[PDB]
Protein chains: 2
Amino acid sequence: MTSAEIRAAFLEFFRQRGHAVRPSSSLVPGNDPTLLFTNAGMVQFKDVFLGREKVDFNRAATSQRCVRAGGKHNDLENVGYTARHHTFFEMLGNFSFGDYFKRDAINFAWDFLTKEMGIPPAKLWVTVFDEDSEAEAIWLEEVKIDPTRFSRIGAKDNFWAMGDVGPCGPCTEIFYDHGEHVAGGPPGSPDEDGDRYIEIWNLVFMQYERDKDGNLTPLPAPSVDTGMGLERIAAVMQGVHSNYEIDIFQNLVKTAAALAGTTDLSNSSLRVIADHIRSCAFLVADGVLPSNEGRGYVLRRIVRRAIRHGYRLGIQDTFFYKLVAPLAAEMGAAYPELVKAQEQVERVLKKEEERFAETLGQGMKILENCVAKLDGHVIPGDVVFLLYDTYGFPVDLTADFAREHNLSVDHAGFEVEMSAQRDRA
Amino acid sequence: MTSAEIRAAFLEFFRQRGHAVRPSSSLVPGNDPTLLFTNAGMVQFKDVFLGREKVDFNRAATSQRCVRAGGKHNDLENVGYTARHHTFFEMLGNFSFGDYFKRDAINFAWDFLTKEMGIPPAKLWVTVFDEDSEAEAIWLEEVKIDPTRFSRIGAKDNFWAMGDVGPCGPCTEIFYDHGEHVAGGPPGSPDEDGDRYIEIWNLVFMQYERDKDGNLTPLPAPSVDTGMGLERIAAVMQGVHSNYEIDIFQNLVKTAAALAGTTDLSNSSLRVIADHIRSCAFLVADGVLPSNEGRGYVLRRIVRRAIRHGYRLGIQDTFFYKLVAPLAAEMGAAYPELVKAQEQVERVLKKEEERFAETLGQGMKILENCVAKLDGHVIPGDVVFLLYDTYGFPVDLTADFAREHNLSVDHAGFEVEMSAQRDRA
Ligand SMILES: Nc1ncnc2c1ncn2[C@@H]1O[C@H](COP(=O)(O)OP(=O)(O)OP(=O)(O)O)[C@@H](O)[C@H]1O
Ligand SMILES: Nc1ncnc2c1ncn2[C@@H]1O[C@H](COP(=O)(O)OP(=O)(O)OP(=O)(O)O)[C@@H](O)[C@H]1O
């Protein structure tokens, strides 16, 4: 089953159950100058959940484009290192605005995974907040799932809050078990962080409200916000362990491999490049341009990290913008604004890669020389600062190179150099 | 080697190296109204490290009484469940106020452990911050420790900051390996939290200054603060795996066993009672009295949790204050104020146990009845609030009973009940 078929089936399943299918919001948040990029389906509905905005539907469903490259939800460093993390991904979500609550949300998700998608329950694993007896009863006594594939988890993973004040409540999560050929343990075990038991669907129950003085009260109309990664469930439905092996990435990875002259289609730097073109092209299409401040600098950082991975692969000629075309062919039916903006996106990414290529090769020679002469395992702060200040290397780009060689960078020493520079500038 | 001999050998070792041996400060912090209790040897010297207070010595050593039962980390819930956690413990520390730095600090610690204490290097394990090449070079190239018993760890465990602003810097830690008979893995492994590799000594290097804007600059006079748990090194030096098996706790546990009429010195509630008399008696000796606010409520909570464990053991008469006498006999030479205050401490703890005994028996009947009839795994919030509001059960005491029966408590439901109560007023 293709990713496009899963996306369409998800939305139709919830439309049949009375959910208004709404378009994805932009990656640039409209009403939040404190959020870098839209990072969940919830973002555009935040004022509805708060009761600050009224809409003519009380349940909705979206496939929301998200980027997690900043804040605590920063998966940029996991890209290329796990089977399950992207910068750009689509979050399939259903929302209840004071309408249904835990019973329907749990039944909707279980019906979709086990009935519409036909996933064997023996491959699924469920977690609840360990103080949420309602969710546990619904799962164990109503749905009647296997209680040996069930974990009760504390507030760090399974209790959610919109902020210090505002709505909060427990969460329940559904995981897919990729089997004994993948390292890792089930949720709650010391090895839960492995790629074997992958979190597929997170259901948030807005149950309580905390006021400015800290009082907790019950929400007058409890609400639901859920989120499932399209790529992870597509991997499940296409029989592969890594998100990068699904249909949606095949043309991207093949094109990058051709541009690098390689047959190693599983190469981690090709996967990084395929991930980064998605976030970079969609970010530009949503109006972000490279810069040295704010949202433009996150875009600049990801673009330049993609260029460096091409350098690592031996690519000698401008290449990154050539992946906009297979991306738009693959995803343009779902995201026509990408097709409409394709030429402008290519021009922005070409220009940025050319700007960085002015200094990349010379900066890489310095780095390679540093590693060759290095006594310890830490690239020194003055070298990091030199690459940043003279060669346009973001610190995290240098650190990404370093980690490929089992090295770290001296972040504190770099910050000391920055402070010394501010005094001189 | 007895705990008192280790304490004295530690202080003398550093006195021989020019350290002013200074007395422990009180458990009640004087110059930090946001800290509940003194939780490290650093606390009384914070203003010296900050340069706000001048002293006639630039290097020092203390055996500091600490309580960690609130705030960050908070080890109250670990007491009785691990070989290594207390509420009250003594932290052996050496301090450099802009004097020596990483090299001396590392050699001082390795000399004390491997030469003064004679601990085999093969039983020790060292961690450094993974960006601290100075610490790594000193250990590996100067001291020349076994590089296979060495871990590079990230900023969460091996980078320290005094606050959002102020001094910060890398840490290096020394662990003792209790061997194959104890579960757990080395620092940095998924199973690092086990009791096999126990952290003995933490060395903090104040190397940088972070300002209100987030900028780092080098500290004008780098400084050192170290801390080593007396009980953990005493277990090592006495050939036992658990803190509760050292000389000080052999006496306390045996006395508790006599009060409970049992020969089963391995009963976990005896270890809890033995730990809690230390925190409760020293807190009272330092002038804290039970109350329903602030520091007095933490004392009240620990006292009442100790009483609840006596109830679990079947103790039928007022008992907790009777452990003050063996505590004073065991620790009174090092802490004469405990001897001076012994009768006052006894009276305070007796009165609190008597005040609580008015309702403990009835509340326990409710709790036992609730457990017998309970559907699910969560004690409901209204029962939690009843036990709190009418029977004087702190929420964490009820939760401590609950986990003994594989149960949790509904904290959010309790807070809802508290808000409902405020509304009725
Ligand atoms: N970086 C990512 N790459 C790919 N898929 C992701 C990524 N982040 C989240 N997802 C998918 O989106 C779903 C919803 O994300 P969300 O962050 O709300 O849940 P969560 O990961 O449990 O939250 P938290 O980690 O903060 O507890 C996840 O269950 C996962 O399937
Ligand atoms: N609750 C406790 N019970 C017994 N010993 C303790 C306790 N907390 C700390 N110690 C001992 O005191 C030493 C110094 O503790 P300190 O808090 O400075 O370091 P830490 O515990 O590594 O800090 P972190 O909170 O970052 O883990 C520890 O290495 C340990 O030997």
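The record names X-ray crystallography as the way this model was obtained, at a resolution of 1.9000034846 Å.

Residue and element names in this part refer to chain A. By the assigned domains, chain A splits into domain 1 (3–237), domain 2 (247–358) and domain 3 (374–425). On a C-alpha basis, the centroid separation for the pair domain 1 and domain 2 is 28 Å. Each side of the interface is counted separately: domain 1 has 26 residues, and domain 2 has 23 residues. Where domain 1 abuts domain 2, roughly 2,100 Å² becomes buried across the two surfaces, and 60% of that area is made up of carbon and sulfur atoms. At the boundary of domain 1 and domain 2, one finds four salt bridges. Among the ionic pairs, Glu231 bridges to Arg278, the shortest N-O distance being 2.9 Å. Elements represented by at least two residues in the side of domain 1 that touches domain 2 include exactly α1 (3–16), β2 (59–67) and β3 (88–96).

Our next topic: the interface of chain B and chain A. The interface of chain B with chain A comprises 25 residues on the first partner and 27 residues on the second. Of the roughly 2,100 Å² buried where chain B meets chain A, counting both sides, 53% is carbon and sulfur surface. Looking only at chain B, the three residues that lose the most surface to chain A are B:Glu131, B:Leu216 and B:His377, adding up to 25% of its buried area. Along the contact surface separating chain B from chain A lie one salt bridge. The closest approach of N and O atoms between A:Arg210 and B:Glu415, which form a salt bridge, is 2.8 Å. On inspection of chain B and its partner chain A, the count reaches 13 residue pairs in polar contact. For the side of chain B that touches chain A, the element with the highest residue contribution is helix α15 (residues 411–424) of chain B, accounting for six residues. Across the side of chain B that touches chain A, the residue classes tally to eight nonpolar, eight polar and nine charged.

For the rest of this paragraph, the subject is empty space enclosed by the protein. Applying the stated rule across the entire model yields two cavities of 30 Å³ or more. The computed volume of the largest cavity comes to approximately 50 Å³. Surrounding the largest cavity, B:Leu76, B:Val79, B:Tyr81, B:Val272, B:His276, B:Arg305, B:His309, B:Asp400 and B:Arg403 form its lining. Of all the secondary structure elements, the ones that give two or more residues to the lining of the largest cavity are α8 (268–285), α9 (294–312) and α14 (395–404) of chain B. Across the lining of the largest cavity, the residue classes tally to four nonpolar, two polar and three charged. Shared between two domains, the lining of the largest cavity takes at least three residues from each, and those domains are domain 1 (3–237) and domain 2 (246–358) of chain B. Considered as a void within the structure, the second largest cavity measures approximately 40 Å³ in volume. As for the second largest cavity, its lining consists of A:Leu76, A:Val79, A:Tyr81, A:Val272, A:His276, A:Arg305, A:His309, A:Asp400 and A:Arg403.

Let us look at the site of ligand 1. Residues and elements named next belong to chain A. Inspection of the region around ligand 1 gives 14 residues, with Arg68, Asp75, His86, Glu199 and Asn202 positioned closest. Here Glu199 contributes a side-chain N or O atom positioned 2.7 Å from an oxygen atom of ligand 1. A distance of 3.1 Å is found between an oxygen atom of ligand 1 and a side-chain nitrogen or oxygen belonging to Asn202. Elements with a contribution of two residues or more to the shell around ligand 1: β3, β8 (197–210) and β9 (216–229). Here the element with the most residues in the shell around ligand 1 is β8; it accounts for three residues. For the shell around ligand 1, the per-class residue count stands at three nonpolar, five polar and six charged.

Turning our attention to the side chain of B:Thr38. Residue and element names in this part refer to chain B. As for its placement among the helices and strands, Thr38 is situated in the loop between β1 (20–21) and α2 (46–49). A polar side-chain atom of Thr38 sits 2.6 Å from the main-chain carbonyl oxygen of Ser26. Among all residues touching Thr38, those that are not within four sequence positions of it are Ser25, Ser26, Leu27, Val28, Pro29, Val43, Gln64, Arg65, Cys66 and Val67.

Residues and elements named next belong to chain B. Near ligand 2 lie 16 residues; those nearest to it are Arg68, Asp75, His86, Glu199 and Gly229. Residue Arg68 places a side-chain N or O atom 2.3 Å away from an oxygen atom belonging to ligand 2. A distance of 3.4 Å separates a nitrogen atom of ligand 2 from a polar side-chain atom of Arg232. Out of a free accessible area of 610 Å², ligand 2 has 80% covered by protein chains. Of all the elements in the fold, those that place two or more residues in the shell around ligand 2 are β3 (88–96), β8 (197–210) and β9 (216–229). No other element matches β8, which puts four residues into the shell around ligand 2. A breakdown of the residues in the shell around ligand 2 according to their chemical character gives four nonpolar, six polar and six charged.

Reading the values: the criteria
- Residues numbered from 1 in each chain as written, not as in the entry; some residues may be left out.
- Chains lettered and ligands numbered in written order.
- Heavy atoms only, no water.
- Domains from an automatic or database assignment.
- Contact = heavy atoms within 4.5 Å.
- Buried area = accessible area lost by both parts, 1.4 Å probe.
- Salt bridge = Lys/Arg side-chain N within 4 Å of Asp/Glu carboxyl O.
- Helix = DSSP H or I, 4+ residues; strand = E, 2+ residues; numbered from the N terminus.
- Polar contact = N/O pair within 3.5 Å; in protein donor to acceptor, adjacent residues only side chain to side chain.
- Nonpolar A, V, L, I, M, F, W, Y, C, P; charged D, E, K, R; others polar.
- 1 Å grid on protein atoms, 1.4 Å probe; cavity = no way out; pocket = protein on both sides within 12 Å on 5 of 7 lines; lining within 4 Å.
- Points joined across faces, edges and corners; volume = space filled by probe spheres on them.
- Near = heavy atom within 4 Å.
- Areas by Shrake-Rupley, 256 points an atom, 1.4 Å probe, with all protein chains shown as cover.

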